[PDB]
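Shown next, in structure tokens, is the structure this report addresses.
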RNA sequence: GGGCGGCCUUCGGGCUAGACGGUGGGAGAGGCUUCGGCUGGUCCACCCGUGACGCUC
């Protein structure tokens, strides 16, 4: 994933070398929340791994909450640069 | 929605010591498995990134 993860970081960074901004963080949660749902499909018995998903979904909503009520400009772009 | 909540400010702002992320690691009993594998937590380093984004009902 130092390939895939890093791809999205290059994609959602705010500057050459950014890896922690609210954007990159959301981009990663996003990417992570998708690769797990796709998983849960195959292994729908896994109720345990489901938990994790519940969290990342919340963790992401909270970061977004922060951004929305912090810099909408940056917000609106990030949400229409993915979905919601 | 409720309660609580970092540092400095001449209140306009400024921070990184929390939190999250990135990078590199630790764990003899996490879950599902079409057993050929997917997937959730968890602890530690840095002192790279954001910058209080936290905590609690």
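We place every Cβ from the backbone using ideal geometry, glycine too, and count neighbours over all the protein chains shown. Values in this text are rule-based calculations from the coordinates and carry no lab data.
Pairs needed: first member in the range A:33-50, closer than 17 Å to residue A:5 by Cβ; second member anywhere, near RNA strand B (Cβ under 6 Å from one of its atoms); C-beta distance under 6 Å; at least 6 residues apart or different chains. Qualifying pairs under 6 Å: A:33/A:56. Considered as a group, the residues in the range A:63-84 that are within 12 Å of the chain's Cα centre (by Cα) and surrounded by fewer than 11 Cβ atoms within 10 Å (Cβ to Cβ) include one that is nearest to residue A:11 (Cα to Cα), and that residue is A:83. Among the residues making up the range A:32-51, those that are in a helix (DSSP H, G or I), more than 6 Å from RNA strand B (Cβ to nearest atom) and farther than 22 Å from residue A:9 by Cβ are A:40, A:41, A:50. Taking residues in the range A:1-15 that are over 11 Å from residue A:28 (Cα atoms), and partners anywhere that are within 10 Å of RNA strand B (Cβ to nearest atom) and part of a loop (DSSP other than H, G, I, E, B), the pairs with Cβ atoms closer than 6 Å and at least 6 places apart or on different chains are A:14/A:21. For the range A:16-27, the set of residues classified as at negative phi and without any contact (Cβ under 8 Å) to a residue 24 or more places away in the chain consists of A:16, A:18, A:19, A:20, A:21, A:24, listed by residue number. For the range A:16-31, filtering for residues that are within 7 Å of RNA strand B (Cβ to nearest atom) and either more than 13 Å from the chain's Cα centre (by Cα) or not in a helix (DSSP H, G or I) (or both) leaves 5.
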